[PDB]
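File shown here: final20.csv, holding CSV, N, CA and C atoms.
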```csv
chain,number,residue,atom,x,y,z
X,1,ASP,N,-84.4,-86.3,-70.2
X,1,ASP,CA,-85.5,-87.3,-69.9
X,1,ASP,C,-86.6,-86.7,-69.1
X,2,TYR,N,-87.7,-86.2,-69.6
X,2,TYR,CA,-88.7,-85.5,-68.7
X,2,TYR,C,-89.8,-86.4,-68.1
X,3,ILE,N,-89.6,-86.7,-66.8
X,3,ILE,CA,-90.6,-87.5,-66.1
X,3,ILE,C,-91.7,-86.6,-65.5
X,4,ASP,N,-92.8,-87.1,-65.1
X,4,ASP,CA,-94.0,-86.4,-64.5
X,4,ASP,C,-93.9,-86.5,-63.0
X,5,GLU,N,-93.5,-85.4,-62.4
X,5,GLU,CA,-93.1,-85.3,-60.9
X,5,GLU,C,-94.2,-85.9,-60.0
X,6,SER,N,-95.5,-85.7,-60.4
X,6,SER,CA,-96.6,-86.1,-59.6
X,6,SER,C,-96.8,-87.6,-59.4
X,7,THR,N,-96.4,-88.4,-60.4
X,7,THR,CA,-96.5,-89.8,-60.1
X,7,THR,C,-95.1,-90.4,-60.3
X,8,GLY,N,-94.3,-89.8,-61.2
X,8,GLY,CA,-93.0,-90.3,-61.6
X,8,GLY,C,-93.0,-91.4,-62.7
X,9,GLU,N,-94.0,-91.5,-63.5
X,9,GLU,CA,-94.0,-92.4,-64.6
X,9,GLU,C,-93.2,-91.8,-65.8
X,10,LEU,N,-92.5,-92.7,-66.5
X,10,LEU,CA,-91.7,-92.3,-67.7
X,10,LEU,C,-92.5,-92.0,-68.9
X,11,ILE,N,-92.8,-90.7,-69.1
X,11,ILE,CA,-93.7,-90.4,-70.2
X,11,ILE,C,-92.9,-90.4,-71.5
X,12,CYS,N,-91.8,-89.6,-71.5
X,12,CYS,CA,-91.0,-89.5,-72.7
X,12,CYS,C,-89.5,-89.5,-72.4
X,13,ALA,N,-88.7,-90.2,-73.2
X,13,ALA,CA,-87.2,-90.4,-73.0
X,13,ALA,C,-86.4,-89.4,-73.9
X,14,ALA,N,-85.1,-89.3,-73.6
X,14,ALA,CA,-84.2,-88.4,-74.2
X,14,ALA,C,-83.9,-88.7,-75.7
X,15,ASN,N,-83.9,-87.7,-76.5
X,15,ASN,CA,-83.5,-87.8,-77.9
X,15,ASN,C,-84.5,-88.6,-78.7
X,16,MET,N,-85.7,-88.3,-78.6
X,16,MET,CA,-86.8,-88.9,-79.3
X,16,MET,C,-87.5,-88.0,-80.4
X,17,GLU,N,-88.1,-88.6,-81.3
X,17,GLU,CA,-88.9,-87.9,-82.3
X,17,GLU,C,-90.1,-87.2,-81.7
X,18,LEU,N,-90.4,-86.0,-82.2
X,18,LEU,CA,-91.4,-85.1,-81.5
X,18,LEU,C,-92.9,-85.2,-82.0
X,19,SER,N,-93.8,-85.6,-81.1
X,19,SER,CA,-95.2,-85.8,-81.4
X,19,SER,C,-96.2,-85.0,-80.5
X,20,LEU,N,-97.3,-84.5,-81.2
X,20,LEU,CA,-98.3,-83.7,-80.6
X,20,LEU,C,-98.8,-84.1,-79.2
X,21,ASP,N,-99.3,-85.3,-79.1
X,21,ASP,CA,-100.0,-85.8,-77.9
X,21,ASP,C,-99.2,-85.7,-76.6
X,22,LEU,N,-97.9,-86.1,-76.6
X,22,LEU,CA,-97.0,-86.1,-75.5
X,22,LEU,C,-96.7,-84.7,-75.0
X,23,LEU,N,-96.6,-83.7,-76.0
X,23,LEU,CA,-96.4,-82.3,-75.6
X,23,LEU,C,-97.4,-81.8,-74.6
X,24,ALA,N,-98.7,-82.2,-74.7
X,24,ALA,CA,-99.8,-81.9,-73.8
X,24,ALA,C,-99.6,-82.5,-72.5
X,25,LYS,N,-99.4,-83.8,-72.4
X,25,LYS,CA,-99.2,-84.5,-71.2
X,25,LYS,C,-98.0,-83.9,-70.4
X,26,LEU,N,-96.9,-83.5,-71.2
X,26,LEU,CA,-95.7,-82.9,-70.6
X,26,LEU,C,-95.8,-81.6,-69.9
X,27,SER,N,-96.4,-80.6,-70.6
X,27,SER,CA,-96.6,-79.3,-70.0
X,27,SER,C,-97.5,-79.5,-68.8
X,28,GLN,N,-98.5,-80.4,-68.8
X,28,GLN,CA,-99.4,-80.8,-67.6
X,28,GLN,C,-98.6,-81.3,-66.4
X,29,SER,N,-97.5,-82.0,-66.6
X,29,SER,CA,-96.6,-82.4,-65.5
X,29,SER,C,-96.0,-81.1,-64.8
X,30,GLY,N,-96.3,-79.9,-65.3
X,30,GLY,CA,-96.0,-78.7,-64.6
X,30,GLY,C,-94.7,-78.2,-65.1
X,31,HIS,N,-94.2,-78.9,-66.1
X,31,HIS,CA,-92.9,-78.5,-66.6
X,31,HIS,C,-93.1,-77.7,-67.8
X,32,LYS,N,-92.9,-76.4,-67.6
X,32,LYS,CA,-93.0,-75.4,-68.7
X,32,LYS,C,-91.7,-74.8,-69.1
X,33,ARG,N,-90.6,-75.5,-69.1
X,33,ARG,CA,-89.3,-75.1,-69.7
X,33,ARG,C,-88.4,-76.3,-70.3
X,34,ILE,N,-88.5,-76.5,-71.6
X,34,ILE,CA,-87.9,-77.6,-72.3
X,34,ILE,C,-86.7,-77.2,-73.2
X,35,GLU,N,-86.0,-78.2,-73.8
X,35,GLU,CA,-84.7,-77.9,-74.4
X,35,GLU,C,-84.5,-78.6,-75.8
X,36,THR,N,-85.1,-78.0,-76.9
X,36,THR,CA,-84.9,-78.4,-78.3
X,36,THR,C,-83.4,-78.5,-78.7
X,37,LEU,N,-83.2,-79.2,-79.8
X,37,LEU,CA,-81.9,-79.3,-80.4
X,37,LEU,C,-81.8,-78.5,-81.7
X,38,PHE,N,-80.6,-78.0,-82.0
X,38,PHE,CA,-80.4,-77.3,-83.3
X,38,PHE,C,-79.7,-78.2,-84.3
X,39,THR,N,-80.4,-78.9,-85.1
X,39,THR,CA,-79.8,-79.8,-86.0
X,39,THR,C,-80.4,-79.4,-87.4
X,40,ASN,N,-79.8,-78.5,-88.1
X,40,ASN,CA,-80.5,-78.0,-89.3
X,40,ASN,C,-79.8,-78.4,-90.6
X,41,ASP,N,-79.1,-79.5,-90.6
X,41,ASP,CA,-78.3,-79.9,-91.7
X,41,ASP,C,-77.2,-78.9,-91.9
X,42,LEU,N,-76.7,-78.8,-93.1
X,42,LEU,CA,-75.7,-77.8,-93.5
X,42,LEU,C,-74.6,-77.6,-92.5
X,43,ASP,N,-74.8,-76.5,-91.7
X,43,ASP,CA,-73.7,-76.1,-90.8
X,43,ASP,C,-73.6,-77.1,-89.6
X,44,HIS,N,-74.8,-77.5,-89.1
X,44,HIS,CA,-74.7,-78.4,-88.0
X,44,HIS,C,-75.6,-79.6,-88.2
X,45,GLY,N,-75.2,-80.5,-89.1
X,45,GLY,CA,-75.8,-81.8,-89.4
X,45,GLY,C,-76.0,-82.8,-88.2
X,46,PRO,N,-76.9,-83.7,-88.4
X,46,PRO,CA,-77.5,-84.6,-87.4
X,46,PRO,C,-76.5,-85.7,-86.9
X,47,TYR,N,-75.3,-85.4,-86.8
X,47,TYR,CA,-74.3,-86.5,-86.7
X,47,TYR,C,-74.4,-87.3,-85.4
X,48,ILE,N,-74.1,-86.7,-84.3
X,48,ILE,CA,-74.0,-87.4,-83.0
X,48,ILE,C,-75.4,-88.0,-82.7
X,49,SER,N,-76.4,-87.3,-83.1
X,49,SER,CA,-77.8,-87.7,-82.8
X,49,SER,C,-77.9,-89.0,-83.6
T,1,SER,N,-73.6,-64.5,-111.8
T,1,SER,CA,-73.5,-65.7,-111.0
T,1,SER,C,-73.3,-66.9,-111.8
T,2,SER,N,-72.4,-67.8,-111.3
T,2,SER,CA,-72.2,-69.1,-112.0
T,2,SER,C,-72.6,-70.3,-111.2
T,3,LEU,N,-73.7,-71.0,-111.6
T,3,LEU,CA,-74.2,-72.1,-110.7
T,3,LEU,C,-73.4,-73.4,-110.9
T,4,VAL,N,-72.9,-73.9,-109.8
T,4,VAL,CA,-72.1,-75.2,-109.9
T,4,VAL,C,-72.8,-76.3,-109.1
T,5,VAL,N,-73.2,-77.4,-109.9
T,5,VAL,CA,-73.9,-78.5,-109.3
T,5,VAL,C,-72.9,-79.5,-108.5
T,6,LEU,N,-73.0,-79.5,-107.2
T,6,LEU,CA,-72.0,-80.2,-106.3
T,6,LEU,C,-72.2,-81.8,-106.3
T,7,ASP,N,-71.1,-82.5,-106.5
T,7,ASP,CA,-71.1,-83.9,-106.4
T,7,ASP,C,-71.4,-84.5,-105.0
T,8,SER,N,-71.5,-85.8,-104.9
T,8,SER,CA,-71.9,-86.4,-103.6
T,8,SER,C,-70.9,-86.0,-102.4
T,9,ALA,N,-69.7,-85.6,-102.7
T,9,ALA,CA,-68.7,-85.2,-101.8
T,9,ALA,C,-69.2,-84.1,-100.8
T,10,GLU,N,-69.7,-83.0,-101.3
T,10,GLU,CA,-70.1,-82.0,-100.3
T,10,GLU,C,-71.6,-82.0,-100.0
T,11,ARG,N,-72.3,-83.0,-100.6
T,11,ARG,CA,-73.8,-83.2,-100.3
T,11,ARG,C,-74.1,-83.7,-98.9
T,12,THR,N,-75.2,-83.3,-98.3
T,12,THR,CA,-75.6,-83.8,-97.0
T,12,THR,C,-76.3,-85.2,-97.2
T,13,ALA,N,-76.8,-85.8,-96.1
T,13,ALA,CA,-77.4,-87.1,-96.2
T,13,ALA,C,-78.8,-87.1,-96.9
T,14,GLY,N,-79.4,-86.0,-96.9
T,14,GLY,CA,-80.7,-85.8,-97.5
T,14,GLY,C,-80.7,-85.6,-99.0
T,15,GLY,N,-79.6,-84.9,-99.5
T,15,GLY,CA,-79.5,-84.6,-100.9
T,15,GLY,C,-79.0,-85.7,-101.8
T,16,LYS,N,-79.1,-86.9,-101.4
T,16,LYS,CA,-78.7,-88.1,-102.1
T,16,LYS,C,-79.6,-88.5,-103.3
T,17,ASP,N,-80.9,-88.3,-103.1
T,17,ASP,CA,-81.9,-88.8,-104.1
T,17,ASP,C,-82.2,-87.8,-105.2
T,18,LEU,N,-82.0,-86.5,-104.8
T,18,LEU,CA,-82.4,-85.5,-105.8
T,18,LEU,C,-81.4,-85.5,-107.0
T,19,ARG,N,-82.0,-85.9,-108.1
T,19,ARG,CA,-81.2,-85.9,-109.4
T,19,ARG,C,-81.4,-84.7,-110.2
T,20,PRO,N,-80.3,-83.9,-110.3
T,20,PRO,CA,-80.4,-82.5,-110.9
T,20,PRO,C,-80.7,-82.4,-112.4
T,21,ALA,N,-81.4,-81.4,-112.8
T,21,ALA,CA,-81.8,-81.2,-114.2
T,21,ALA,C,-82.2,-79.8,-114.6
T,22,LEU,N,-81.9,-79.5,-115.8
T,22,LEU,CA,-82.5,-78.2,-116.4
T,22,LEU,C,-83.7,-78.5,-117.3
T,23,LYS,N,-84.9,-78.3,-116.8
T,23,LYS,CA,-86.1,-78.8,-117.5
T,23,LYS,C,-86.6,-77.7,-118.5
T,24,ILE,N,-86.9,-78.1,-119.7
T,24,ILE,CA,-87.2,-77.1,-120.8
T,24,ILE,C,-88.7,-77.0,-121.1
T,25,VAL,N,-89.2,-75.7,-120.9
T,25,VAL,CA,-90.7,-75.5,-120.9
T,25,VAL,C,-91.1,-74.4,-122.0
T,26,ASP,N,-92.3,-73.9,-121.9
T,26,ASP,CA,-92.7,-72.8,-122.8
T,26,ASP,C,-93.0,-71.5,-122.0
T,27,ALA,N,-93.3,-70.4,-122.7
T,27,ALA,CA,-93.6,-69.1,-122.1
T,27,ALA,C,-94.8,-69.1,-121.2
T,28,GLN,N,-95.7,-70.1,-121.4
T,28,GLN,CA,-96.9,-70.2,-120.6
T,28,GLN,C,-96.6,-71.1,-119.4
T,29,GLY,N,-95.4,-71.8,-119.4
T,29,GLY,CA,-95.1,-72.7,-118.4
T,29,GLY,C,-95.4,-74.2,-118.7
T,30,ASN,N,-95.7,-74.4,-120.0
T,30,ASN,CA,-95.9,-75.8,-120.5
T,30,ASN,C,-94.6,-76.5,-120.9
T,31,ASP,N,-94.4,-77.7,-120.6
T,31,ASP,CA,-93.3,-78.6,-121.0
T,31,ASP,C,-93.2,-78.8,-122.5
T,32,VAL,N,-92.1,-78.3,-123.1
T,32,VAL,CA,-91.8,-78.5,-124.5
T,32,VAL,C,-91.4,-80.0,-124.7
T,33,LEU,N,-91.8,-80.5,-125.8
T,33,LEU,CA,-91.7,-82.0,-126.1
T,33,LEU,C,-90.5,-82.3,-127.0
T,34,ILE,N,-89.8,-83.4,-126.7
T,34,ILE,CA,-88.7,-83.9,-127.6
T,34,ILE,C,-89.2,-84.3,-129.0
T,35,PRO,N,-88.3,-84.2,-130.0
T,35,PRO,CA,-88.6,-84.5,-131.4
T,35,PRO,C,-89.4,-85.9,-131.6
T,36,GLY,N,-90.5,-85.7,-132.3
T,36,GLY,CA,-91.3,-86.9,-132.7
T,36,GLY,C,-91.9,-87.8,-131.5
T,37,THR,N,-91.5,-87.4,-130.3
T,37,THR,CA,-92.0,-88.1,-129.1
T,37,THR,C,-92.7,-87.2,-128.1
T,38,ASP,N,-93.4,-87.8,-127.2
T,38,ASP,CA,-94.1,-87.1,-126.0
T,38,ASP,C,-93.2,-86.9,-124.8
T,39,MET,N,-91.9,-87.1,-124.9
T,39,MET,CA,-91.0,-86.9,-123.7
T,39,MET,C,-90.9,-85.5,-123.3
T,40,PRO,N,-91.1,-85.2,-121.9
T,40,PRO,CA,-90.6,-83.9,-121.5
T,40,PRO,C,-89.1,-83.8,-121.4
T,41,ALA,N,-88.4,-83.0,-122.2
T,41,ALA,CA,-87.0,-83.0,-122.3
T,41,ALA,C,-86.3,-82.6,-120.9
T,42,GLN,N,-85.7,-83.6,-120.3
T,42,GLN,CA,-85.0,-83.4,-119.0
T,42,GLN,C,-83.5,-83.6,-119.0
T,43,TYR,N,-82.7,-82.6,-119.5
T,43,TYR,CA,-81.3,-82.8,-119.6
T,43,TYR,C,-80.5,-82.9,-118.2
T,44,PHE,N,-80.5,-84.1,-117.6
T,44,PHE,CA,-79.9,-84.3,-116.3
T,44,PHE,C,-78.4,-84.0,-116.2
T,45,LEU,N,-78.1,-82.8,-115.7
T,45,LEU,CA,-76.7,-82.4,-115.6
T,45,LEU,C,-75.8,-83.3,-114.6
T,46,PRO,N,-74.9,-84.0,-115.2
T,46,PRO,CA,-74.1,-84.8,-114.3
T,46,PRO,C,-73.0,-84.0,-113.5
T,47,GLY,N,-72.3,-84.7,-112.6
T,47,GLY,CA,-71.3,-84.1,-111.7
T,47,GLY,C,-70.4,-83.0,-112.2
T,48,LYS,N,-70.3,-82.0,-111.4
T,48,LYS,CA,-69.4,-80.8,-111.7
T,48,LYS,C,-69.8,-80.0,-112.9
T,49,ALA,N,-71.1,-79.9,-113.2
T,49,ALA,CA,-71.5,-79.1,-114.3
T,49,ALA,C,-71.6,-77.5,-114.1
T,50,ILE,N,-70.6,-76.8,-114.6
T,50,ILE,CA,-70.6,-75.3,-114.5
T,50,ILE,C,-71.8,-74.7,-115.3
```

What would you get if you wrote out this structure as structure tokens?
Amino acid sequence: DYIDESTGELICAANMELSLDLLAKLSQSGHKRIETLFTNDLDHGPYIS
Amino acid sequence: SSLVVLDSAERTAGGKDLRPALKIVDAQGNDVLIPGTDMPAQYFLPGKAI
């Protein structure tokens, strides 16, 4: 769940669909180290997600 | 190589709509037509087709 430290408003929550606009706001919160998931079907399909 | 068309059992969640077929064309890449009609011949291979 990445919050913006400077004000602490909930910009984006855990386990959500990925969109262009929030990526910009996110890296501007000063957080330049994020954690994608590996769900490629076949060997590791989207089960738990 | 022998191609085997997998049934729903080993298919993922996305591969459910794709209905398999061997489509019959010409040397130029044009669709050859079924007898007396304008159908593009699409012989849809059912389950477990070696």

Closest-contact table, chain T side, partner chain X, 10 Å, counting only C-alpha atoms, as a tab-separated table:
```
residue	atom	partner	partner_atom	distance
T:10	CA	X:42	CA	9.8
T:11	CA	X:42	CA	8.9
T:12	CA	X:42	CA	6.9
T:13	CA	X:41	CA	8.5
T:14	CA	X:41	CA	8.6
```

Original post:
In file coordinates, which residues lie within 12 Å of (-100.2, -83.4, -69.7) using only C-alpha atoms, given as a ChimeraX atom specification?
Top reply: /X:2-6,11-12,20-32

Subject >> Within 8 Å of residue 7 (chain T) using only N, CA and C atoms, minus same-chain residues under 6 positions, as JSON, numbers by chain >> reply: {"T": [46, 47, 48, 49]}

Subject >> Those in chain T with strand (DSSP E or B) from DSSP, as a PyMOL selection string >> reply: chain T and resi 22-23+25+31+33+40+42-43

Would you write out those residues with N, CA and C atoms, as a compact mmCIF listing (two decimals), keeping the file's coordinate frame?
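To be explicit, this is the file written out as out_19.txt:
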```txt
# COMPACT_ATOMS: atom_id res chain seq x y z
N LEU T 22 -81.90 -79.50 -115.80
CA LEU T 22 -82.50 -78.20 -116.40
C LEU T 22 -83.70 -78.50 -117.30
N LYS T 23 -84.90 -78.30 -116.80
CA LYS T 23 -86.10 -78.80 -117.50
C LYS T 23 -86.60 -77.70 -118.50
N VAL T 25 -89.20 -75.70 -120.90
CA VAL T 25 -90.70 -75.50 -120.90
C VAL T 25 -91.10 -74.40 -122.00
N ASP T 31 -94.40 -77.70 -120.60
CA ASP T 31 -93.30 -78.60 -121.00
C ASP T 31 -93.20 -78.80 -122.50
N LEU T 33 -91.80 -80.50 -125.80
CA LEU T 33 -91.70 -82.00 -126.10
C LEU T 33 -90.50 -82.30 -127.00
N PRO T 40 -91.10 -85.20 -121.90
CA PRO T 40 -90.60 -83.90 -121.50
C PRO T 40 -89.10 -83.80 -121.40
N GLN T 42 -85.70 -83.60 -120.30
CA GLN T 42 -85.00 -83.40 -119.00
C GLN T 42 -83.50 -83.60 -119.00
N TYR T 43 -82.70 -82.60 -119.50
CA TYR T 43 -81.30 -82.80 -119.60
C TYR T 43 -80.50 -82.90 -118.20
```

**OP:** Report the residues of chain X whose backbone DSSP state falls under alpha helix (DSSP H), written as a count of residues only.
**Re:** 9

**OP:** Would you mind telling me which residue in T:3, T:45, T:50, T:31 lies nearest to residue 19 (chain T) when using all atoms listed in the file?
**Re:**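 Closest candidate: T:45.
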
Original post:
Mind pulling up the distance from CA of residue 35 (chain X) to atom N of residue 14 (chain X)?
Top reply: 11.4 Å
